[PDB]
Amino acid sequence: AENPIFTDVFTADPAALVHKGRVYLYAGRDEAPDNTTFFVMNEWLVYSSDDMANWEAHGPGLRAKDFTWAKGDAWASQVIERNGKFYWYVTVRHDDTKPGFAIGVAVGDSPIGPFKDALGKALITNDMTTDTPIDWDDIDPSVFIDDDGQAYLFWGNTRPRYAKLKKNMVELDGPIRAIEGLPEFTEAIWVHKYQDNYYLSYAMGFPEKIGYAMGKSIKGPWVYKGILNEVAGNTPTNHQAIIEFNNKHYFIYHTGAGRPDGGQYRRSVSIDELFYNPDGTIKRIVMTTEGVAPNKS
């Protein structure tokens, strides 16, 4: 499965999920004419695989403009299943009623949708977080359900943060907490659990690499552990998903390696295998051209 995996579109900010034997893969879609101005993103695209290698294209799943309160900009996202429903947390640009980037939540009854705004309003709004003056801090959501039934929302650019999510998945429960322990944090938090440990991987520095920290609890304390991913080919933004599928571990990300004239604002999803050490640490990723081998049940 030669990387990059999709060649008919540029494709970025991957998020993935396993359901009923299939991997569902979610990505934003880079529509920019060149690598020299800025992101131009309007819609998220959905893909699914049997085996990690052959991908079925289900087309657009959600456009940013599907949020009445949103101006545009369909930035990084993450989907989760809970109670026969699917929650899609998005980064969009709020309209001038609450200036600045915001986090919204959509809902569907199946992995491919149809998806609709679950709230009719932002879940996180720029003015809720004012310990930084920048107006793109509230981006890149990540979502997690711990073994005790408690769900959590993580996000941030420049300022990493989390909060408890109510069962209904569309409401914060309790206060927003600043996360300590993530040297050089930039963005792209991805939380997951493996065996007895918790893992918070993130984009780090600039141009971005991915670093990660481990915790004995979802509330940490987090212990930075080293570099998970080198800086990716022809792109300053590095953006991960980590999933477990069929006894192998998958590290999904993007590169500027596509054609034609791929790069900074014309990115492409690539996939490579992740391996754990016996102590629980993750081997540094090796980003490869040939990508991943099939692996179906």
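Note that residue numbering begins at 1 and tracks the sequence as displayed.
Q: Out of 265-273 and 240-248, which one has CA B-factors that are higher on average in the deposited record?
A: According to the entry, 240-248 carries the higher average C-alpha B-factor.
Q: Identify the stretch, either 77-85 or 95-103, whose C-alpha atoms have the larger mean B-factor according to the entry.
A: Between 95-103 and 77-85, it is 77-85 that shows the higher mean C-alpha B-factor.
Q: Out of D135, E208, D140, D173, which one has a C-alpha B factor higher than all the others in the entry?
A: That would be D173, according to the entry.
Q: Just to confirm, going by the entry's C-alpha B-factors, which of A27, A57, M41, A70 comes out highest?
A: Checking the PDB record, the top C-alpha B-factor among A27, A57, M41, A70 is at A57.
Q: Please say which third, lowest, middle or highest, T255 falls into when its CA temperature factor is compared across its chain.
A: Tercile = lowest for this residue's CA B-factor.
Q: Select lowest, middle or highest to describe the third in which the CA B-factor of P160 falls within its chain in this entry.
A: Ranked within chain, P160 CA B lands in the lowest tercile.
Q: Split into thirds by Cα B-factor across the chain's modelled residues, where does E187 land: lowest, middle or highest?
A: It falls in the bottom third of the chain.
Q: Could you look up the Cα B-factor of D66 in the entry and say which third of the chain it sits in: lowest, middle or highest?
A: According to the entry, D66 has a C-alpha B-factor in the chain's middle third.
Q: Would you mind ranking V9 by its C-alpha B-factor against the rest of the chain and naming the third, lowest, middle or highest?
A: Tercile = middle for this residue's CA B-factor.
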